[PDB]
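A.B. asks: Can you keep this structure in mind? I'll have questions shortly.
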Amino acid sequence: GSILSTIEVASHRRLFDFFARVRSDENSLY
Amino acid sequence: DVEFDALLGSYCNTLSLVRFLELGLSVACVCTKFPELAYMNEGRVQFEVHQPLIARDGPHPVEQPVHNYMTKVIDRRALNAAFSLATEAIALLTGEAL
Amino acid sequence: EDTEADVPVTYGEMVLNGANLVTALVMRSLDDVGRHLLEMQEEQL
């Protein structure tokens, strides 16, 4: 009767920054 | 004595429904539908703007393409409309009594 | 230049892009946790 919950990995990446220079606002989440 | 009748020539129009779409202001605002809003604590609008570029000749001193991440904060507001009923009409709309 | 213009009617809508992945089960191999996710993803499409 055990309950299994999938682990959640939270991470954010900015792959395009490597392709090009960027100057994103600090508050906003890219 | 009194006798009533209704002319068919015209009709008085009690207050006329005005859609907001039909007006001029509708231009200035793209309006979408939150199925829910108030449940949100805070929210933002995220969008990108490149910076345009102009090619030049000569030994290239400087430039590189540029993005931007612009995010702006929603402002919650609300509209309130009062409405009232006495009990005189509630029975009618309700149904049978005990 | 003109009098009668055209105006859009239907409001714009929204779509859910991305969410926390949260599920459960009552113990059926151990991979069904995985398979049930794709299930619960296939819904939103």
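For the structure tokens, the naming scheme is as follows: chains receive sequential letters (A, B, ...) according to their order of presentation, residues are indexed from 1 within each chain, and ligands are indexed from 1 in presentation order.
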Chain B near chain C within 9 Å: what's each residue's closest atom pair and its distance in Å to one decimal, counting only C-alpha atoms, ordered by chain then ascending residue number, as JSON lines?

C.D. replies:
```
{"residue": "B:21", "atom": "CA", "partner": "C:7", "partner_atom": "CA", "distance": 7.0}
{"residue": "B:22", "atom": "CA", "partner": "C:7", "partner_atom": "CA", "distance": 6.9}
{"residue": "B:26", "atom": "CA", "partner": "C:7", "partner_atom": "CA", "distance": 8.5}
{"residue": "B:27", "atom": "CA", "partner": "C:7", "partner_atom": "CA", "distance": 8.8}
{"residue": "B:30", "atom": "CA", "partner": "C:12", "partner_atom": "CA", "distance": 7.8}
{"residue": "B:31", "atom": "CA", "partner": "C:11", "partner_atom": "CA", "distance": 6.3}
{"residue": "B:32", "atom": "CA", "partner": "C:12", "partner_atom": "CA", "distance": 4.2}
{"residue": "B:33", "atom": "CA", "partner": "C:13", "partner_atom": "CA", "distance": 5.6}
{"residue": "B:34", "atom": "CA", "partner": "C:14", "partner_atom": "CA", "distance": 7.5}
{"residue": "B:35", "atom": "CA", "partner": "C:14", "partner_atom": "CA", "distance": 8.9}
```

A.B. asks: Could you please take those selected residues and save C-alpha atoms as a CSV table (one decimal), in the first residue's frame?

C.D. replies:
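Below is the file that was written, out_10.csv:
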```csv
chain,number,residue,atom,x,y,z
B,21,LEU,CA,-15.3,45.2,-28.7
B,22,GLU,CA,-17.2,47.7,-30.9
B,26,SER,CA,-10.5,47.9,-28.2
B,27,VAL,CA,-7.5,48.5,-30.5
B,30,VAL,CA,-5.4,42.7,-26.7
B,31,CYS,CA,-7.6,41.0,-24.2
B,32,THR,CA,-7.3,37.3,-23.3
B,33,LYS,CA,-9.1,35.0,-20.9
B,34,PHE,CA,-7.7,33.8,-17.6
B,35,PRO,CA,-10.0,30.9,-16.6
```

A.B. asks: Kindly provide, as a CSV table (one decimal) with N, CA, C and O atoms, in the first residue's frame, the residues of chain A having any atom no farther than 7 Å from an atom of chain C, counting only C-alpha atoms.

C.D. replies:
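Result file is part.csv:
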```
chain,number,residue,atom,x,y,z
A,1,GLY,N,0.8,-1.2,0.0
A,1,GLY,CA,0.0,0.0,0.0
A,1,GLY,C,0.8,1.3,0.0
A,1,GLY,O,0.4,2.4,0.2
A,2,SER,N,2.1,1.1,-0.3
A,2,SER,CA,3.1,2.2,-0.3
A,2,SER,C,2.8,3.1,-1.5
A,2,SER,O,2.3,2.7,-2.5
A,3,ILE,N,3.1,4.4,-1.3
A,3,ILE,CA,2.9,5.4,-2.4
A,3,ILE,C,4.2,5.8,-3.0
A,3,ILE,O,5.2,6.2,-2.2
A,4,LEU,N,4.3,5.8,-4.3
A,4,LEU,CA,5.5,6.2,-5.0
A,4,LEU,C,5.3,7.5,-5.7
A,4,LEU,O,4.4,7.6,-6.5
A,5,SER,N,6.2,8.5,-5.5
A,5,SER,CA,6.1,9.8,-6.1
A,5,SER,C,7.4,10.0,-6.9
A,5,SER,O,8.5,9.9,-6.3
A,6,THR,N,7.3,10.4,-8.1
A,6,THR,CA,8.5,10.6,-8.9
A,6,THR,C,9.3,11.8,-8.4
A,6,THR,O,8.7,12.8,-8.1
A,8,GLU,N,11.4,15.2,-8.5
A,8,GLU,CA,11.3,16.2,-9.4
A,8,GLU,C,12.6,17.0,-9.4
A,8,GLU,O,13.1,17.5,-8.4
```

A.B. asks: List the spatial neighbours of residue 20 (chain A) as an MDAnalysis selection string - criterion: any atom at most 10 Å away, only C-alpha atoms, same-chain residues fewer than 2 positions off excluded.

C.D. replies: (chainID A and resid 15:18 22) or (chainID B and resid 64:67)

A.B. asks: Let me see the file: selected residues, N, CA, C and O atoms, as a PDB file, in the first residue's frame.

C.D. replies:
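Final file, result05.pdb:
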```pdb
ATOM      1  N   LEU A  15      20.579  27.940 -22.983  1.00  0.00           N
ATOM      2  CA  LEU A  15      21.423  27.403 -24.037  1.00  0.00           C
ATOM      3  C   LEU A  15      21.745  28.406 -25.134  1.00  0.00           C
ATOM      4  O   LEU A  15      22.869  28.449 -25.624  1.00  0.00           O
ATOM      5  N   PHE A  16      20.763  29.207 -25.521  1.00  0.00           N
ATOM      6  CA  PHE A  16      20.967  30.192 -26.580  1.00  0.00           C
ATOM      7  C   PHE A  16      21.969  31.291 -26.236  1.00  0.00           C
ATOM      8  O   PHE A  16      22.536  31.920 -27.126  1.00  0.00           O
ATOM      9  N   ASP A  17      22.192  31.513 -24.947  1.00  0.00           N
ATOM     10  CA  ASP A  17      23.142  32.528 -24.520  1.00  0.00           C
ATOM     11  C   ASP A  17      24.505  32.160 -25.082  1.00  0.00           C
ATOM     12  O   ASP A  17      25.288  33.026 -25.463  1.00  0.00           O
ATOM     13  N   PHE A  18      24.813  30.873 -25.106  1.00  0.00           N
ATOM     14  CA  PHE A  18      26.084  30.452 -25.662  1.00  0.00           C
ATOM     15  C   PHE A  18      26.138  30.781 -27.156  1.00  0.00           C
ATOM     16  O   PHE A  18      27.146  31.280 -27.648  1.00  0.00           O
ATOM     17  N   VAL A  22      23.635  37.922 -24.370  1.00  0.00           N
ATOM     18  CA  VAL A  22      22.330  38.354 -23.880  1.00  0.00           C
ATOM     19  C   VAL A  22      22.433  39.198 -22.616  1.00  0.00           C
ATOM     20  O   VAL A  22      23.361  39.034 -21.829  1.00  0.00           O
TER      21      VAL A  22
ATOM     22  N   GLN B  64      28.309  42.883 -31.489  1.00  0.00           N
ATOM     23  CA  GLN B  64      27.802  41.531 -31.469  1.00  0.00           C
ATOM     24  C   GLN B  64      26.283  41.546 -31.317  1.00  0.00           C
ATOM     25  O   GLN B  64      25.742  42.463 -30.692  1.00  0.00           O
ATOM     26  N   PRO B  65      25.569  40.574 -31.890  1.00  0.00           N
ATOM     27  CA  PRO B  65      24.120  40.520 -31.711  1.00  0.00           C
ATOM     28  C   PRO B  65      23.732  40.505 -30.244  1.00  0.00           C
ATOM     29  O   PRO B  65      24.488  40.056 -29.385  1.00  0.00           O
ATOM     30  N   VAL B  66      22.528  41.011 -29.954  1.00  0.00           N
ATOM     31  CA  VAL B  66      22.076  41.207 -28.583  1.00  0.00           C
ATOM     32  C   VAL B  66      20.602  40.841 -28.456  1.00  0.00           C
ATOM     33  O   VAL B  66      19.763  41.260 -29.252  1.00  0.00           O
ATOM     34  N   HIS B  67      20.295  40.041 -27.439  1.00  0.00           N
ATOM     35  CA  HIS B  67      18.930  39.814 -26.987  1.00  0.00           C
ATOM     36  C   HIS B  67      18.600  40.741 -25.836  1.00  0.00           C
ATOM     37  O   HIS B  67      19.417  41.539 -25.387  1.00  0.00           O
TER      38      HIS B  67
END
```

A.B. asks: Define the interface residues of chain B facing chain A as those within 12 Å, counting only C-alpha atoms, and report them as a count of residues only.

C.D. replies: 20

A.B. asks: If you measure from CA of residue 17 (chain C) to CA of residue 77 (chain B), what distance in Å do you get, rounded to one decimal?

C.D. replies: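 Value for the CA of residue 17 (chain C)-CA of residue 77 (chain B) distance: 25.1 Å.
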
A.B. asks: Quote the spacing between CA of residue 36 (chain C) and CA of residue 37 (chain B) in Å to one decimal place.

C.D. replies: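 Straight-line distance from CA of residue 36 (chain C) to CA of residue 37 (chain B) works out to 29.6 Å.
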
A.B. asks: When DSSP is applied to the backbone of this structure, which of chain C are assigned helix (DSSP H, G or I)? Write them out as a PyMOL selection string.

C.D. replies: chain C and resi 32-44

A.B. asks: Just to be explicit: take each residue in the selection above, keep C-alpha atoms, and write the result as a compact mmCIF listing (two decimals), in the first residue's frame.

C.D. replies:
```txt
# COMPACT_ATOMS: atom_id res chain seq x y z
CA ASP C 32 4.56 2.02 -14.40
CA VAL C 33 5.28 5.16 -12.42
CA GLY C 34 7.06 6.25 -15.57
CA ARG C 35 4.44 5.06 -18.02
CA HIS C 36 1.69 6.80 -16.08
CA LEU C 37 3.53 10.09 -16.54
CA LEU C 38 3.43 9.96 -20.33
CA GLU C 39 -0.21 9.15 -19.87
CA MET C 40 -0.75 12.24 -17.74
CA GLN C 41 1.27 14.25 -20.24
CA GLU C 42 -0.62 12.95 -23.25
CA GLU C 43 -3.74 14.51 -21.75
CA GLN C 44 -2.57 18.11 -21.88
```
